[PDB]
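First, one chain by itself: the form deposited in one PDB entry, in structure tokens.
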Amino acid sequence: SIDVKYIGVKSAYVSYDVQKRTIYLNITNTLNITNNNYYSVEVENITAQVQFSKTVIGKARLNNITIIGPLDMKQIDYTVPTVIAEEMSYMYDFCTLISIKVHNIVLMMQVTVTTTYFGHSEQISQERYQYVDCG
């Protein structure tokens, strides 16, 4: 890829920003831009293109064949008991979190048993992430 940018606050080509408590007086700003961009991206120039997938089974004897794809989960267990017993007591809870299997982003591409792929694949993630804020 081209021009993949994370900018926290502010982006510009030409900036004349003026901040608090300023005396901006008697200024002459002269700007003469010639900014040209020419892109040629993922361009195929092919006379003859042949792409294929072939699966042939002849005079075979197949018996007792097991295929299991990825991400197989079996006999998983989560046990998070919470017991609170109080007797003539004081208790104060502020900003208490019990998190089990919390997900923000899941991107899945070409998760298979068999794949044949011709071409371009991309995954882009940009974020600002903040889980707990309790001030």
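In this text, the rigid core denotes the largest set of C-alpha atoms whose superposition between the two forms falls within 1.5 Å. Shifts are known only where both forms have a C-alpha. Residues carry their position along the shown sequence, with the first being 1.
Unshown form deposited in another entry; subsequent notes refer to it.
(message) Which single residue of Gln75, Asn45, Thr79, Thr34, after superposing the core, moves its CA by 2 Å or more between the shown form and the other one?
(response) Of all the options, the C-alpha that shifts by at least 2 Å belongs to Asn45.
(request) Align both forms on the core first, then report whether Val106 has a C-alpha shift of 2 Å or more between the shown form and the other one. (result) Result for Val106: no, shift under 2 Å.
(message) So, superposing on the core, is the move of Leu62 at the CA at least 2 angstroms between the shown form and the other one?
(response) Superposed on the core, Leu62 moves its C-alpha 2 Å or more between the shown form and the other one.
(message) So, superposing on the core, is the move of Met91 at the CA at least 2 angstroms between the shown form and the other one?
(response) Shift of 2 Å or more: yes.
(request) Looking in the other entry, decide if the C-alpha atoms of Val56 and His120 are closer or farther than in the form shown; they differ by 3 Å or more. (result) More distant in the other entry, by 3 Å or more.
(request) Specify closer or farther for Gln51 and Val113: how their Cα atoms are spaced in the other entry versus the shown form, given a shift of 3 angstroms or more. (result) Compared with the form shown here, the C-alpha atoms of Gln51 and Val113 sit closer together in the other entry, by 3 Å or more.
(request) Once the rigid core is superposed, list every run of three or more consecutive common residues with all C-alpha shifts of 2 angstroms or more between the shown form and the other one, in sequence order. (result) After core superposition, the displaced runs are 45 to 64, 87 to 92.
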